[PDB]
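# Structural overview for review
What follows is each chain in one-letter form.
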Amino acid sequence: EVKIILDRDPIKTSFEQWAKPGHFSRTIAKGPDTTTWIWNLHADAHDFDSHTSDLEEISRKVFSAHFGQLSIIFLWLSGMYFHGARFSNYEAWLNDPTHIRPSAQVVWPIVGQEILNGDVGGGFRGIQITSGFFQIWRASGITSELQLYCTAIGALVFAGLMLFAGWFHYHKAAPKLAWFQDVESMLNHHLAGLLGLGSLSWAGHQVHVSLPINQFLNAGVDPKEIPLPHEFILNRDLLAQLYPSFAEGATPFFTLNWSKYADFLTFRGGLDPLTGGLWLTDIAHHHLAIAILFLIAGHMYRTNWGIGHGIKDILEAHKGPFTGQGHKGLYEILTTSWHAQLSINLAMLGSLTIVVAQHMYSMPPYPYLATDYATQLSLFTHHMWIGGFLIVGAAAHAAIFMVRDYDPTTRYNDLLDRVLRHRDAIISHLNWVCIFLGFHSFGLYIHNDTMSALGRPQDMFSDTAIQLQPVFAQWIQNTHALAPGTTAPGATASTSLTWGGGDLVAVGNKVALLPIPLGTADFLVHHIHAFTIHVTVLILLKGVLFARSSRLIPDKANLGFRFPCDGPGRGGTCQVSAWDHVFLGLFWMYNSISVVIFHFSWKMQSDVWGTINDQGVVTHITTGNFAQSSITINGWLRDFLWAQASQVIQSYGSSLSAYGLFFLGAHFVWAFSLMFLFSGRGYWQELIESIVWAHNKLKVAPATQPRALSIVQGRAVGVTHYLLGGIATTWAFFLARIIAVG
Amino acid sequence: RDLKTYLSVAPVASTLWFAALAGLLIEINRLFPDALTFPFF
Amino acid sequence: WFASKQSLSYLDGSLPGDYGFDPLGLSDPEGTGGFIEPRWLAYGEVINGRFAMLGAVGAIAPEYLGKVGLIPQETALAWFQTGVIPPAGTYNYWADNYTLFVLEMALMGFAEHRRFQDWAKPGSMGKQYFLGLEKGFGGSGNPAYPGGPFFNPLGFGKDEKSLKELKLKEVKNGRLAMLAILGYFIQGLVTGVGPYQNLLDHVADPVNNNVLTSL
Amino acid sequence: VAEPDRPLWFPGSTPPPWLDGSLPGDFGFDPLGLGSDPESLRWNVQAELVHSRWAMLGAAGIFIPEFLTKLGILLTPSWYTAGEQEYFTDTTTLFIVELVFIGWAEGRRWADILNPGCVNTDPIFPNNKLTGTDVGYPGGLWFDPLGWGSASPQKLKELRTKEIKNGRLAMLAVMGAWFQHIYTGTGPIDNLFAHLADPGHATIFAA
Ligand code: CLA
Ligand code: CLA
């Protein structure tokens with residue numbers, strides 16, 4: 001076969017269908033008879049494979065939808081750059097980053113809100129931002145508000161192009177099903193074209209704009225005096241005085257004999273003692289390897305020249321004694337089901353966001369990011385939630401595939417088979433591990449609480465009594481310390497300062513990073529992590545494996561992916577559906593992530609962040625109480641929650657009172673969720689009966705018959721507010737705390 | 001386009017209505033702030 | 001039955017300058033819509049070529065002449081140097097640089113737009129809207145060659161089937177100019193100096209000259 | 001009285017069906033399909049007519065800076081800044097007075113749009129009457145003394161087209177003047193002269 005560009009001519013464009021609500025569904029396009037109609041309209045709006053059964057049409061819908069998504073992201077980026085141009089103190093912050101608070105939002109003087117425009121420094125009144133954009137912009141060598149303004153226009157223009165493309169590829173030239181399926185092609189391009197050229201491109205701006213300008217900023221020269229980026233490209237003299245390797249052209253690269261380029265590219269590693277961020281000389285070099293690597297990787301798959309790989313070939317040839325003919329037929333499944341692809345992608349993109357958070361705190365990439373605790377606590381916590389959510393979404397679509405696309409008669413797999421043929425063995429074991437982890441992580445805490453309360457500190461699990469020293473993580477930690485020179489001779493300093501041992505970095509009076517200690521307190525929390533994660537996995541995997549059938553419900557697959565139950569029979573069968581497993585898994589992801597970000601916040605303030613003076617004396621924020629008081633639930637209640645929540649409950653009258661409002665505001669919607677979660681629509685519908693009576697009495701009863709929320713929606717509404725309330729509370733709590741104290 | 005008019009007057013009618021209301025309320029306040037009572041009688 | 005490089009089914013040889021070369025299969029007509037249609041490309045190579053055919057000359061003619069011709073301050077700077085502001089910094093002109101472009105876009109706007117109409121409609125352009133030349137307009141059956149007369153005052157092989165033996169000539173030269181200009185973009189970009197001026201260094205001595213040498 | 005072989009704004013294109021050519025000033029121009037439906041169109045036609053007529057009076061506003069610049073006169077005050085003046089009784093009062101008369105003028109034309117009649121009378125003297133048929137062409141002595149308004153199609157069309165075309169031109173004009181002042185902070189005519197002196201460098205770009 002030969003891969004090519006395939007499209008079709010115009011397929012309609014009119015406001016006619018805008019005027020017709022629920023047009024996409026044949027059931028709902030007839031209009032409402034009850035208020036249920038309205039909710040269904042929004043819940044089935046994006047269910048494309050529920051609209052039609054043609055794979056070509058569904059594929060064309062999701063393709064333009066991605067253009068729509070990108071359009072928004074570009075419009076969203078356009079605003080952040082614009083606000084950094086009109087309503088910000090970036091130019092002020094650019095001179096004194098260590099003392100001036102970054103702010104990019106001014107509030108109108110109505111009703112008394114102007115109080116939120118607090119003293120952020122630089123003779124500026126506004127709201128302190130924790131997005132981190134200031135450190136990105138300084139890293140890109142962005143000097144003036146003009147350049148941020150130009151990027152704002154550039155992003156807005158791109159937003160228009162993205163939006164235009166979506167219309168063009170759904171209404172004008174719609175890609176054919178064969179085009180979407182060319183996966184050997186797409187992977188080649190996304191590997192080489194998007195990632196390879198993308199990383200290559202940024203490696204260029206760095207070694208021409210970022211690296212030159214950043215050196216000036218660090219020398220201490222006034223930002224307004226620093227030559228524009230284009231003065232470095234034109235006159236190579238400027239980029240020759242600093243980084244003299246530029247004296248030659250393509251040589252030595254072209255003549256190989258690498259390199260005299262060690263001058264602006266190196267494997268130094270560690271952290272810049274003056275900026276607190278990763279060496280820009282390393283990052284530029286880093287993107288150089290990433291480019292080439294992905295450019296190499298972009299030539300694995302065979303297309304139109306017989307050289308490369310057929311993915312279908314690779315899979316089929318991977319079969320063992322234990323697994324059967326497994327992997328055979330996976331290519332046809334993954335090229336035929338969107339949900340199958342989305343599940344894998346969510347699981348992986350979500351997992352990636354989580355490693356990003358752990359990598360950006362321990363290896364601070366942007367200049368003056370480490371000592372801005374307000375941002376670092378926000379960035380880590382933000383990615384933890386984003387990654388956390390995306391992972392739960394993988395379970396949902398894995399389940400949807402099982403219900404909707406799974407067909408043994410047409411697209412058998414054998415690997416997917418067998419798994420279903422011992423799903424009780426997998427779930428029963430995962431059940432056991434969770435119970436073991438629960439007792440052996442949380443039970444240790446309850447032990448500690450009881451012994452402490454009985455006045456038996458020596459009978460506790462602690463560093464001063466019965467120690468549970470996490471030696472495996474400690475040994476590794478030590479190994480990365482002895483890594484440079486010994487294992488990796490090219491590396492000058494350690495990978496991270498958490499592995500440094502006897503190295504510390506400070507910017508201003510604040511600590512950027514230092515070796516992070518590990519003790520019994522860290523042992524207990526990690527098993528708590530190991531525990532909470534497994535239970536989340538249990539709920540979701542159980543939902544996927546038993547999505548189709550069960551000893552209780554032989555034909556669950558016929559009931560669909562999202563149904564309330566199958567009645568009170570068989571003892572009761574509420575929340576048997578795969579949807580309800582995602583619903584239940586959502587709470588447990590929340591439970592797990594919440595104790596993760598609390599683990600972060602306390603550990604950093606207690607053992608890492610704090611004030612340092614020029615005598616070496618380090619004074620941490622909470623003063624190193626993590627080791628002796630995080631090993632007790634009462635300790636978490638008192639020394640963590642009670643103690644640190646004082647900032648947000650004492651923020652009224654201050655610039656941080658909005659956090660005080662959102663603190664209580666989020667407690668409200670959280671408790672509000674409990675009305676929906678603890679009750680059933682049977683009561684509410686009967687209550688509405690008495691209320692409907694009153695309206696009929698006064699001739700003001702609506703034709704659209706009011707109905708209580710569906711059983712599933714009641715759960716959807718409940719978990720949504722439980723999440724919004726709980727997460728927003730910690731948000732207000734975190735930001736108020738870290739902005740006031742930090 | 002008849003039809004475009006039709007997209008409108010949907011729940012976009014709510015937002016256009018409430019945005020107008022919000023504006024009116026805001027201007028009133030900007031004009032008469034901090035009012036705890038009706039003092040004209 | 002003709003010289004050819006690479007493989008594709010629809011490169012009949014019915015198009016001028018067809019060497020049957022489309023490794024990317026851009027002209028494959030399986031799925032067509034947009035700007036990926038084959039005929040459009042046929043028209044485009046020719047337009048791009050005509051313009052390129054013309055431009056290459058502009059790029060060097062001023063260069064060359066000030067060299068052995070009567071050109072003073074208006075001495076051709078690099079082709080690149082007059083128009084783009086940073087290197088040469090440009091030259092003043094009877095009119096403001098930005099303004100000319102507006103006028104320039106204005107004039108082109110008329111000729112270019114109409115040409116498109118020829119492509120969207122056969123004789124639409126040549127039909128209606130007053131003024132002479134409208135008759136001039138609509139000429140030909142094919143947009144690529146409006147068959148000016150007007151565009152072709154002198155039959156010039158138009159009548160002879162030999163016009164084919166011109167088409168290709170036009171086509172081959174076109175690719176040639178195209179290629180050329182792309183060269184400048186690099187030559188001028190690394191070399192600085194002028195494409196023609198650049199030519200001499202290779203000329204003064206060649207061993208010394210060239211890209212490897214250039215580096 | 002439709003003409004389909006009429007010149008179009010876009011020579012190559014095809015005009016929309018609603019733009020019949022019967023109407024005056026029809027060059028088949030409604031890319032957004034604003035006049036897509038008959039009811040909307042009638043309204044739009046009336047609106048354009050009014051804008052055009054008002055814009056033309058406004059064009060005179062362009063006229064005054066001419067005399068003041070060279071001839072002189074008491075019209076020296078630029079149209080811009082003209083409003084904030086002390087003549088007579090204060091502007092606000094003037095505006096209020098204006099609102100009442102003109103209101104009666106439309107609370108006037110409006111009835112005509114909605115209906116076909118009301119021209120039929122002078123309320124005070126129910127005999128003065130006056131009539132012109134057709135929409136925004138009231139007719140009568142007050143609005144059409146010379147009576148050139150009443151005539152024949154072809155003639156009316158030609159005349160009417162002239163009314164609209166000048167109006168469209170006038171509309172751009174007025175807008176152009178308003179923008180012209182802000183971007184240049186001067187008189188329009190000055191802009192005009194300046195341009196002629198140096199059309200080569202005197203443009204939006206000059207600033
Ligand atoms: C790549 C990301 C991605 C994509 C493309 C999809 C796509 C889809 N999902 Mg999946 N999902 C995802 C991630 C994703 N999901 C994640 C991360 C989770 C874990 C929570 C889920 C869990 C999930 C479930 C349980 C279900 C889906 C379903 C669907 C399908 C229809 C959904 C719909 O109509 O939209 C409708 C959109 C709404 C009704 C918007 C509701 C607003 C939300 C609930 C609250 C937003 C609040 C906001 C964040 C902040 C508050 C602001 C407020 C004050 C204004 C559609 C194929 C449904 C399906 O049946 O599949 C076929 C289904 O039941 N998804
Ligand atoms: C704080 C309240 C709370 C507690 C304690 C639990 C506890 C548990 N949940 Mg539940 N869950 C909760 C809230 C809670 N959940 C809420 C609000 C929801 C709604 C979303 C869920 C939804 C949910 C699901 C879907 C699942 C669980 C599961 C589990 C079990 C996990 C396995 C385990 O750890 O074993 C260990 C038990 C403990 C750690 C409890 C404490 C034990 C104490 C400390 C020691 C014993 C005391 C003493 C010695 C006993 C003798 C006393 C004598 C006088 C009687 C565990 C029993 C999973 C499961 O079934 O397990 C495999 C399961 O799939 N939960």
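Residues numbered from 1 in each chain as written, not as in the entry; some residues may be left out. Chains lettered and ligands numbered in written order. Part of a larger assembly, values for the part shown. Heavy atoms only, no water. Residues with missing side-chain atoms left out of burial classes, pairs and counts.

Per the deposited record, the coordinates in this entry were obtained by X-ray crystallography to a resolution of 2.8000 Å.

Filter applied, for reference: UniProt positions are given in the numbering used here, feature names are shortened, and annotations may be inferred rather than shown by experiment.
The title given to this entry in the Protein Data Bank is "The structure of plant photosystem I super-complex at 2.8 angstrom resolution". Quoted verbatim from the Subcellular location (unreviewed entry) field of the UniProt record, the comment on chain D reads "Plastid, Chloroplast thylakoid membrane".

Quoted straight from UniProt, the Subcellular location entry for chain A says "Plastid, Chloroplast thylakoid membrane". Of the comments in the UniProt record for chain A, the one headed Sequence similarities reads "Belongs to the PsaA/PsaB family."

## Section: the nonpolar core
Residues and elements named next belong to chain A. Just so we agree on the cut-off: Among the buried residues, those of types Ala, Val, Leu, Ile, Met, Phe, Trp, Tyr and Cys that are joined through side-chain atoms within 4.5 Å form a nonpolar core. Using a 1.4 Å probe on the protein chains alone, a residue whose accessible area is under 20% of its type maximum counts as buried, one over 50% counts as exposed, and one in between counts as partly exposed. A run of H or I in DSSP counts as a helix once it spans at least four residues, and a run of E counts as a strand once it spans at least two, with each numbered from the N terminus.
If you look at the biggest cluster of nonpolar residues, it comprises 82 residues, and the most contacted ones within it are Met 402, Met 604, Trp 609, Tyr 659 and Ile 738. Ranked by residues supplied to this core, first place goes to helix α21 (residues 578-607) with 15 residues. If you look at the next biggest cluster of nonpolar residues, it comprises 32 residues, including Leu 94, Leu 148, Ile 226 and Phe 264.

## Looking at the interface of chain D and chain C
Where we set the bar: By the convention used here, residues are in contact when the closest approach between their heavy atoms is within 4.5 Å. By buried area we mean the combined loss of accessible area, with a 1.4 Å probe, across both parts when two parts are placed together. Salt bridges, as used here, are contacts in which a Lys or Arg side-chain nitrogen is within 4 Å of a carboxyl oxygen on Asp or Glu. Whenever a nitrogen or oxygen atom comes within 3.5 Å of another N or O atom, the pair is scored as a polar contact, on the condition that within protein one atom can donate a hydrogen and the other can accept it, and that pairs from neighbouring residues in sequence are kept only if both atoms are in side chains. Polar here means any residue outside two lists: the nonpolar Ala, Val, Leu, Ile, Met, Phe, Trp, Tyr, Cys and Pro, and the charged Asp, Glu, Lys and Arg; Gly therefore counts as polar.
Listed by partner, the interface residues are 12 residues for chain D and 12 residues for chain C. Between chain D and chain C, the buried area comes to about 1,000 Å², and carbon and sulfur atoms account for 59% of it. When the buried area of chain D at its contact with chain C is split by residue, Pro 11, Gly 12 and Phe 205 of chain D rank highest and sum to 48% of it. Here chain D is connected to chain C by zero salt bridges. Summed over the shared surface of chain D and chain C, the result is eight residue pairs in polar contact. The residue makeup of the side of chain D that touches chain C, split by class, is five nonpolar, six polar and one charged.

## Points about unusual backbone geometry
A cis amide bond links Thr 251 of chain A with the next residue in sequence, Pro 252 of chain A, at an omega value of 0 degrees. Within the secondary structure, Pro 252 of chain A sits in the loop between α10 (238-241) and α11 (280-297). The omega angle of the peptide bond from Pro 149 of chain C to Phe 150 of chain C is -5 degrees, so this bond is cis rather than trans. Backbone geometry places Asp 414 of chain A, a non-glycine residue, at a positive phi of 70 degrees. Relative to the helices and strands, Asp 414 of chain A is located in the loop between α15 (373-404) and α16 (416-419). Overall, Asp 414 of chain A belongs to the buried group, its relative accessible area being 8%. Positive phi, close to 75 degrees, is recorded for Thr 91 of chain D, a residue that is not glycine. Along the chain, the position of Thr 91 of chain D falls in the loop between α1 (38-71) and α2 (92-106). Here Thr 91 of chain D falls in the partly exposed class, since its relative accessible area comes to 38%.

## Looking at the site of ligand 1
All names here are of chain A. Defined as follows: What makes a residue near a molecule or strand is one non-hydrogen atom of that residue sitting within 4 Å of it.
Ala 43, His 46, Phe 389, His 397 and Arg 562 are the nearest of the 20 residues found near ligand 1. A distance of 3.0 Å is found between an oxygen atom of ligand 1 and a backbone nitrogen or oxygen belonging to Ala 43. Separating an oxygen atom of ligand 1 from a side-chain N or O atom of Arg 562 is a distance of 2.9 Å. Going through the elements one at a time, α1 (36-43), α14 (338-362), α15 and α21 are the ones with two or more residues in the shell around ligand 1. Looking at which element gives the most residues to the shell around ligand 1, the answer is α15, with eight residues. A breakdown of the residues in the shell around ligand 1 according to their chemical character gives 12 nonpolar, five polar and three charged.

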